[PDB]
């Protein structure tokens, strides 16, 4: 299984913690919670880091403390220090083109206007071929409203769906480490929060 680093994108601070644009960090926080990992503030990697052993494999984890649009600064710093190539990184993030309650694994693709993904591609040497954990957040009707949408808080029923999709995503990451990507991706891709 190809993943050595899991990144959860977010904006820093308590104010953003429950905004849609922090969905990727929710995943890393819950994986770390379940595995008794205390993330450590490491200014050298511009984020919160940790390392966890699952099925005899070390997974490193990162939540940047950069602005979202400078997320690649943290990811490249850490990845280069540990000799981790982009193809070995999975970046969990909010996904406009999937609904609340769904998540998917994918390798590659565009940034979809996501500022964090856009920076990550750039700082990794214009390499799109890192993996993604796409956490559906829905989208508004018009382009110009996306920013205000992703920096908002989901209403309660949506947040329930989000939280369930995070739980499942954590379960499927553990499956990815135990059993590989095809099994984990098969499960996640037929999940829909109840």
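Residue numbers count along the first chain shown, from 1.
- Comparing 104-112 with 85-93, the higher mean C-alpha B-factor in the PDB entry belongs to 104-112.
- For the pair 23-31 and 42-50, the mean Cα B-factor is higher in 42-50.
- Taking the deposited Cα B-factors for 36, 169, 65, 69, the highest one is held by 36.
- Among the modelled residues of its chain, residue 148 has a C-alpha B-factor that falls in the lowest third, as given in the PDB entry.
- In the deposited entry, the Cα temperature factor of residue 142 sits in the middle third of values across the chain's modelled residues.
- Per the deposited record, the Cα B-factor of residue 181 falls in the highest third when ranked against the other modelled residues of its chain.
- In the PDB entry, a CA B factor belonging to the middle third of its chain's modelled residues is recorded for residue 3.
- Annotation for residue 175: CA B-factor lies in the highest third of the chain's modelled residues.
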